[PDB]
Structures are given as structure tokens and as C-alpha cells.
Amino acid sequence: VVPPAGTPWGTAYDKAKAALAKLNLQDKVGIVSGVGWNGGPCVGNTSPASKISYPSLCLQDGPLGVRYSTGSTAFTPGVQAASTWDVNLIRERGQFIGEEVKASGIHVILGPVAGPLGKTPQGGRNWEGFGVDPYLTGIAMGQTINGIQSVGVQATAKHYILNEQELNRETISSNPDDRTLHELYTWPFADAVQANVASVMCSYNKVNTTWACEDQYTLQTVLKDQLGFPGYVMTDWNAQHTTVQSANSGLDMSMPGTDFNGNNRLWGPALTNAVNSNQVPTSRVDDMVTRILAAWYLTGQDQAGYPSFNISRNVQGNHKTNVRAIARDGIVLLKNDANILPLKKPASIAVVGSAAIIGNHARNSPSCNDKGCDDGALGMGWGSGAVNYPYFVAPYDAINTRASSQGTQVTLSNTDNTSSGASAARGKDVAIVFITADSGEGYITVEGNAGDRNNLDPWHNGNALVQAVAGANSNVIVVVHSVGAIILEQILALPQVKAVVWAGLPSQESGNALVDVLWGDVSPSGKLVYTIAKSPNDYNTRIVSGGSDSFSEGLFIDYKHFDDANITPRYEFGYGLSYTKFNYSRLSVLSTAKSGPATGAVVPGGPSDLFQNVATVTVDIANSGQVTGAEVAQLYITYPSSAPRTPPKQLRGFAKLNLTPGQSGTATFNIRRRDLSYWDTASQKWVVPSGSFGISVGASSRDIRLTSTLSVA
Ligand SMILES: *[C@@H]1O[C@H](CO)[C@@H](O)[C@H](O)[C@H]1NC(C)=O
Ligand SMILES: *[C@@H]1O[C@H](CO)[C@@H](O)[C@H](O)[C@H]1NC(C)=O
Ligand SMILES: OC[C@H]1O[C@@H](O)[C@H](O)[C@@H](O)[C@@H]1O
């Protein structure tokens with residue numbers, strides 16, 4: 001119900017309560033009600049309350065940087081950050097974003113994304129998030145939020161909840177069972193709350209026939225009471241449907257205030273009328289304002305000297321180091337046959353594909369608003385989560401500069417013409433072919449793709465381009481920039497394809513980061529955060545075309561389905577090649593963990609014991625090969641078989657270690673009570689089952705190097 005004394009939120013509440021006492025109803029209605037779609041200078045705005053020096057709250061997109069700004073960095077999308085498996089870069093990314101958001105005079109950044117989590121590879125906005133795994137996405141959420149808010153900026157965990165597809169997102173009902181709702185999809189929102197996230201945004205879709213922004217169970221019972229969330233719930237943009245029920249269900253903020261056309265103003269004067277007509281109690285509005293002002297006080301935004309709103313300010317500083325680092329360390333090397341990579345002093349190189357050069361995407365062209373195009377090199381998906389590039393380093397330009405510097409002749413075919421490609425590739429030492437797939441928010445249809453992807457094939461005749469290049473050249477490196485999984489079986493069926501580089505979504509540092517890896521200045525060290533299957537039919541979920549997604553797969557999404565259904569993916573979750581090898585030894589498991597329901601009083605995150613450490617798993621990792629490289633060690637836990645049906649393996653830890661040849665290091669996985677828990681629907685509690693837990697540590701969800709047990713009496 002209420003945050004405890006002597007904690008950041010507790011002090012914010014005291015402050016918030018003192019402010020609330022100086023306000024009248026109009027003051028209060030102005031704090032919770034957006035001024036209207038594009039009614040203010042920001043993406044979202046509310047009305048100031050001078051009596052407590054409360055500004056018009058300025059809310060701006062999005063998860064990867066400042067939208068509409070002309071002096072901001074384009075950070076990598078979240079999926080790329082997750083792909084680094086590096087908590088330091090992830091936290092640094094949130095911090096840098098936070099610095100830019102404050103420097104621009106925005107109070108609330110609308111991100112990061114824990115929903116969609118990303119159960120379907122076709123999902124158009126999955127790339128804004130952190131991969132398909134609740135644990136990793138949770139850790140990322142917490143690190144990104146810690147980073148953002150340490151600057152004194154309010155973060156917004158979105159989208160709550162079960163917005164797993166773009167098609168009919170405003171009408172579809174997501175209908176999973178209670179365990180699935182809590183244990184899979186809500187999980188990462190709990191990390192966000194526990195990170196003291198200031199705000200949560202409710203989604204467009206329905207949850208069991210009830211619009212997410214009108215849903216008392218998810219908003220009040222789960223988020224506020226069970227997760228102990230002390231901040232405010234805002235709507236997604238015009239995701240509000242009623243005046244009264246929205247308010248009474250636990251909605252706190254109407255965004256942006258009207259629909260796109262200026263209609264459907266459900267709060268403002270209509271909320272004033274509902275309170276006056278006794279349809280919404282004053283205590284409810286008092287609660288909304290406490291939550292909103294508490295977030296303001298929590299982040300220190302009440303102190304004099306917060307920058308004024310201005311998105312023309314150059315706020316970039318040297319933040320490109322993060323984008324470079326994540327674009328670089330997030331590249332996943334999938335295939336490296338005959339050790340063709342890293343490249344060394346070839347006489348010639350062909351570079352082939354429209355995705356190698358600057359196009360309308362990189363240019364912020366008027367043909368590509370909200371990044372609604374895959375034209376030229378690709379840095380991110382489309383929609384509200386895209387931003388302007390301050391610059392963009394194309395793969396061709398970077399490759400050309402590095403290659404020319406060593407007397408390597410570069411030949412370019414800058415289109416997707418199969419015949420021009422083969423011609424450029426013929427006779428060259430290597431040919432690097434660039435393919436893409438794109439997607440985004442479901443209000444833009446790009447090349448026939450309505451938001452979600454139509455299929456899992458490369459865009460722009462990508463498969464044919466590679467086949468034509470392979471017909472002309474024995475040594476083909478395929479570089480892929482993509483919003484998600486592509487089936488690569490056709491490309492892999494070509495014996496001429498010796499290397500596959502899953503470069504992900506690099507933003508502005510595309511070319512530099514790729515050159516870093518291709519030439520082996522750094523070994524690639526990113527690993528997959530979703531499964532690349534051998535067949536589109538091997539995935540168990542789809543973009544649903546009807547009014548209902550029953551979520552009948554339950555807990556078994558992505559790799560959990562693959563493990564459960566004994567399907568061999570092409571490249572499994574947690575998979576990544578390196579230019580070196582790593583040996584794992586000496587697995588230990590230290591545990592004090594006791595069985596039963598969690599027993600702590602509810603605080604932000606849930607019962608106070610859920611995020612406390614109960615165990616520690618430790619392994620040694622040595623670099624046994626010939627070159628320096630970082631390894632991503634992963635922990636998977638198997639629950640007792642006596643426990644309610646659970647996936648066979650669940651990611652419960654990861655560590656990243658840079659090792660020079662012969663160097664040895666420690667990977668430590670701290671285990672929180674919740675990491676050994678499942679959600680019990682009947683008691684509405686997290687429970688640790690008694691029995692022997694399987695402990696699996698390795699280089700991927702399939703590449704398990706050592707095993708042990710964790711026993712709970
Ligand atoms: C609705 O949600 C409840 C609780 O989350 C779940 O157990 C139930 O199966 C769902 N009902 C339908 C008809 O999908
Ligand atoms: C906004 O910032 C730009 C760049 O720093 C500056 O030139 C301009 O004066 C600012 N605009 C306002 C209205 O303060
Ligand atoms: O741009 C404001 C909001 O618009 C909505 O359409 C998106 O779903 C949100 O992610 C976004 O924050």
C-alpha cells in the first residue's frame with residue numbers, strides 16, 4: 001500500500017503529501033490530465049501548479065533517446081544493449097540517455113520497454129525491448145532505469161501489459177492464465193518497480209476483454225498492491241476509454257489528453273465533472289496526484305535549476321562511446337567457417353547490397369518519418385521509438401576507409417540487384433553482402449509490412465542477392481542488420497557462405513562497430529536474445545488476426561518452447577561465436593534458500609524478500625584459444641520436477657568477462673529468492689518449491705559446460 005519510511009520513495013511521499021495539501025481540485029485535475037494531442041511542446045504535457053512550483057510536466061519519447069531533437073544521440077535500440085549481455089553498458093546507456101533528456105529539459109522519458117516482451121519473432125516492436133527472456137529483460141530494465149533516474153529524470157516502464165503484437169493492438173484482447181500473466185510477462189515490470197521506476201505506461205490492448213488502461217486487476221491489484229508500485233500510471237497515447245472506470249481502476253494520468261483529432265477528452269473538465277458528480281471519489285484523484293508528485297520529488301525535479309525545454313540543444317557530448325560500444329559488443333557472430341573472420345590484408349573486397357550505403361533511413365529523409373523506411377543502411381525499427389540520427393556511419397564508408405588504409409581494393413555494388421552484385425563479387429578475395437529486415441509500430445505500413453513483419457525472410461530480395469553473390473564468389477561474408485530473427489537456411493545452404501554476422505541494430509555507429517569486429521580489433525562477444533529457428537513453423541506463436549489471443553502457449557515462449565518440444569533451432573537463445581575459445585571449470589553453489597511463499601512485507605517489487613539474495617553460483621572461465629575475447633557465461637535453472645509445470649530451463653544469471661589468451665576470471669551469479677520461485681495463482685504469491693534444482697552453466701541455452709544442483713529442504 002505505502003512505501004516504507006527512510007527509503008527514497010518514502011521521503012518522496014512525505015514531500016508529495018505536503019504539496020497535495022496546498023492544492024485544490026483544479027490544480028489536481030491539471031496535474032493528471034494531458035493538455036491534448038500536440039497541445040504542448042512535448043510529446044506529453046500537463047498543466048502547471050504554481051502553488052507548489054510544479055511545472056507543466058514535459059513527457060518525451062523514447063526508449064533509445066530524445067525524439068524530435070536535432071542535437072541528440074541516437075542510442076542503439078534496447079535489443080542491441082541486451083545482446084551485449086553487459087550490465088555496465090546497459091546501465092551506461094540509461095545514464096547517457098538520462099543526461100540527454102535532462103539537458104533537453106524533458107522531465108519524463110517514455111521508456112524503457114518490457115512489453116512487448118517479444119513472444120513472436122514477427123512482432124513489430126520487439127526490437128525496442130530487451131529480448132524474449134523475462135530474467136534478462138528484467139535485469140536490463142532495472143539497470144536502464146537505475147541509469148536514467150540517477151540523472152534525475154523520470155523513466156516510464158512500458159507497455160503494461162501483453163501488447164505482444166502490433167496488428168489490432170487497440171482492440172485485441174490478450175487472455176493468458178494467471179500464472180502466465182504474472183510469471184512471464186509481469187516479471188520484468190517487477191524489476192522496473194524494484195528499480196524505483198517513476199512511471200508505468202498502460203497499453204492499447206485488452207487483457208481478458210478489459211482495456212489495459214481500465215483494468216482494476218492489473219493496475220490496482222497487481223501493479224500497485226502486489227508489486228508495491230508507488231509511482232503513477234499513464235495511458236499509452238489515447239489508450240483511455242472511459243472517464244470514470246479508468247480513474248477508479250487506478251489510472252493516474254491521461255495522455256496526451258485527446259485523440260489525434262482533438263476528440264475523446266475523458267479527463268480535464270470531464271474528470272472535474274465526474275468528481276463533482278460523485279462518480280470518482282476525491283481520494284482517488286488525491287492518490288493520482290500523490291503518485292505523480294512523489295515521482296517528481298523522487299527524481300529531485302523540484303529543486304531549482306532544471307533545464308528549460310529545448311530540443312535544438314546539442315546534448316550529445318561524447319555519448320557516442322556507448323553507441324559505438326553496444327553496436328560493437330552486440331554483434332553476434334553466427335558462422336565463421338575456415339576462420340575467414342577476422343579479415344587480414346585481402347587484396348580485394350566486394351561490398352554488395354543497398355544496406356551498405358547511406359540511404360533515406362540514415363538521412364532522416366522526409367520519405368522516412370518516424371524511421372518508416374528500410375532504405376540504405378539500417379539502424380533501428382520504425383514508430384514512436386525511433387529518433388533522428390545526428391550522423392550515421394555506413395558500413396561501406398567505414399569498410400572502404402579501413403581497407404584502403406592497407407592497400408585493399410574495394411568494389412561496391414550499392415543496390416540489391418543480383419546481377420550487379422555477382423559482377424562486383426567476381427574475382428575478389430572476399431565478398432561482404434548486406435541484408436536487412438525491418439519492422440515497427442503499427443501505424444506505418446512499410447513495403448507492405450503493417451508493423452509486425454509479414455514473414456521471416458530478408459527484405460529487398462535478400463536471399464537472392466546472397467545466392468547470386470555465392471554464384472560468383474567462393475568466400476562470402478553475410479552481414480545482417482535486423483529487427484529480429486530471420487530464417488537463414490537458404491543462405492546457409494550455400495557452401496560459399498563462410499561467415500554470417502548478425503550485426504543487429506547499431507544506430508549511428510553501424511560502420512565503425514562492424515569494422516571493429518570484421519578486422520578483429522575486438523573479438524565479437526554478443527550472443528542472441530531470441531531463437532533463430534530452422535523453420536518459421538518451429539515457432540509456437542503467430543501474429544493473431546482475430547479479436548483474441550488466448551496465449552495458450554503459456555510459459556513456453558521462444559527457447560522454452562524449443563526445449564520443451566525438443567526442436568533443434570539453427571541458432572539457440574544465448575548463442576554467439578568468438579574469435580577465441582573459453583574453458584569452464586570449478587562450479588560451486590552456495591545457498592541458504594528456504595522453501596515456501598515469500599514472507600516479506602510488500603515493498604516496491606513485491607514482498608521485500610523476493611529481490612534479496614538467497615544463493616550464489618560461481619564458475620571459473622579461462623581463455624584457452626589464441627586471441628583476447630569476452631565470454632558471456634549463462635546460468636540456467638531447472639526447477640524441481642515436483643513443482644508446477646515449468647519450462648525445462650530458465651535463464652537465472654549471466655556474467656561477461658574479457659579474457660586475454662591464458663587469462664582466467666570468475667563468473668558470479670547471485671540468486672534472488674524470486675529466481676527460485678514460481679507464481680502460485682490460488683494464493684497470489686511467489687513460492688519457492690522444495691527439492692533439488694538443476695544448475696546449468698554454459699556458453700548458451702544449449703551449450704551447457706557444467707552442471708550442479710541447488711537443494712531446498
Ligand atoms: C482470464 O484471466 C485469468 C486470471 O489471469 C485466467 O486464469 C483465465 O484463464 C483468463 N480467462 C480467459 C477466458 O481467458
Ligand atoms: C534552444 O537551443 C538552441 C541551441 O542551443 C539555442 O540556439 C536557442 O537559443 C534555444 N532556444 C530557446 C527558445 O531558448
Ligand atoms: O509517442 C507517445 C506514445 O505513442 C504510442 O503510440 C506508443 O505506443 C508509445 O510507445 C509512445 O510512447
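One is the number of the first residue; the rest follow in order along the sequence. As a basis for the values below, the full set of heavy atoms in this structure was taken, side chains included, without hydrogen atoms, waters or symmetry mates. As the structure lists them, so they are numbered: ligands from 1, and atoms in each ligand from 1.
Residue-level proximity to ligand 1 for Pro176 is carried by the backbone, the only part with a heavy atom below 4.0 angstrom. Residue contacts with ligand 1 for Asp178 involve both N, CA, C or O and side-chain atoms from C-beta outward (heavy atoms, distance under 4.0 Å).
Regarding atom 4 (C) of ligand 2, its nearest protein heavy-atom neighbour is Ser312 O, 3.8 Å. Looking only at protein heavy atoms, the nearest one to atom 9 (O) of ligand 1 is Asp177 CA, 4.0 Å. For atom 10 (C) of ligand 1, the nearest protein heavy atom (residue, atom name, distance) is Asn208 ND2, 2.8 Å.
Close contacts between ligand 1 and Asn175 involve ligand atoms 14 (O) [criterion: under 4.0 Å to a heavy atom].
Within the 4.0 angstrom cut-off, atom 13 (C) of ligand 1 has no protein heavy-atom neighbours. Counting protein heavy atoms under 4.0 angstrom from atom 7 (O) of ligand 2 gives zero.
A distance limit of 4.0 angstrom between heavy atoms and ligand 3 selects the residues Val43, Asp61, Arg67, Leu110, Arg125, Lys158, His159, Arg169, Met201, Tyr204, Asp236, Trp237, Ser384, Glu441.
Under 4.0 Å is where a charged nitrogen must lie from a carboxylate oxygen, and between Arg674 and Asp191 at least one such pair does.
Aromatic pair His361/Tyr389: centroids less than 6.0 angstrom apart. The distance between the ring centers of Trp187 and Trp686 falls below 6.0 angstrom.
Side-chain atoms of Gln240 and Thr235 include no donor-acceptor pair closer than 3.5 Å. Using modelled atom types and a 3.5 Å distance limit, the side chains of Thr681 and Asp178 yield a donor-acceptor pair. Counted by atom type alone, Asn322 and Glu92 present one or more donor-acceptor pairs between their side chains at under 3.5 Å. For the residue pair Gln220/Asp225, the side-chain donor-acceptor check at 3.5 Å is satisfied. Between the side chains of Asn264 and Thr258, no donor N or O sits under 3.5 Å from an acceptor N or O.
Nearest residue to atom 2 (O) of ligand 2 from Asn314, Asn310, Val315 is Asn310 (criterion: closest heavy atom).
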Working note: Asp549 + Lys119, criterion salt bridge (charged side-chain N to carboxylate O under 4.0 Å, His left out); need CA distance, chi angles, decisive distance, verdict.
CA-CA 12 Å; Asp549 182 353; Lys119 70 170 175 172; 2.7 Å; yes
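The side-chain hydrogen bond (donor to acceptor under 3.5 Å, both in side chains) test with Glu100 is passed by exactly one of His319, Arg313, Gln95: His319.
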